[PDB]
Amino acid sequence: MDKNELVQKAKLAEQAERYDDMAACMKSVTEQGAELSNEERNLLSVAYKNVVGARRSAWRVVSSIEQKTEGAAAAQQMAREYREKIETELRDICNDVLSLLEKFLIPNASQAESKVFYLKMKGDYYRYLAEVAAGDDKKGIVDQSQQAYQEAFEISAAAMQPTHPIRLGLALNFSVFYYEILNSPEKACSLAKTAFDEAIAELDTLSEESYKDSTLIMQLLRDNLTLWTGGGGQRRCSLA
């Protein structure tokens, strides 16, 4: 009922790996209308990442079974209808988060850091709707994702150092969006490479608080770059 009780209940849930409970608690906290702390916004984000993630995983498994069925009309319709059921759940979860973002989180965000966090998150949840959208719907959904990420990118680039984990994490997810939603390998690689290179150039700007997150996201950016540029498998390096 009280904000701190709901937060303590959310952290309990998180320990128990009961992400529905964790999400329901943090949704209630968000709905009380006060600006979330860093800790609370992280709890919300982790909870819904897990809730939506379970459906995304399931969706890819069942979608793949649907396709790798030629010849069984009955088997294929069953896979199809289960995919559609999972898709409905996925859409409902995304719409819950996107509505929290629109009504509470984005309007109340008093700092550039938190505005970027939430705009990134809006980009993410429209990207998840984009992963399962067809047809005319899809282009509208894709455009919402891109505009959210783009606004995040611009605020971030003006307010935040290149090693800031939120700026780096935005670059990672926006690059993935270019690669797999807009089907642009070269734009995805330019975005990820630029973010990696700018951060490498200023590792003294790291603090103790965020260096682990920043360097971890940097590694993920470079991994994607390797995957997308067909790199790797060269002869091992000794010092050249």
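Quick note: we count residues from 1 along the sequence shown, nothing fancier.
Novice: Averaged over C-alpha atoms, is the B-factor higher for 85-93 or for 67-75 in this PDB entry?
Specialist: Per the deposited B-factors, the answer is 67-75.
Novice: So 204-212 or 46-54, which one's hotter by mean CA B-factor in the entry?
Specialist: Comparing 204-212 with 46-54, the higher average CA B-factor belongs to 204-212.
Novice: Ranking the modelled residues of this chain by C-alpha B-factor as given in the entry, is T229 in the lowest, middle or highest third?
Specialist: Highest third of the chain for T229's C-alpha B-factor.
Novice: Which third of the chain holds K9 when residues are ordered by C-alpha B factor: lowest, middle or highest?
Specialist: It falls in the top third of the chain.
Novice: Please place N183 in the lowest, middle or highest third of its chain according to the CA B-factor in the PDB entry.
Specialist: CA B-factor rank for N183: highest third.
Novice: What third of its chain, lowest, middle or highest, does the C-alpha temperature factor of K120 fall into?
Specialist: Its C-alpha B-factor belongs to the lowest third of this chain's values.
Novice: By the recorded C-alpha temperature factor, relative to the other modelled residues in its chain, which third is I155 in?
Specialist: Middle third - that is where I155 ends up once the chain's C-alpha B-factors are sorted.
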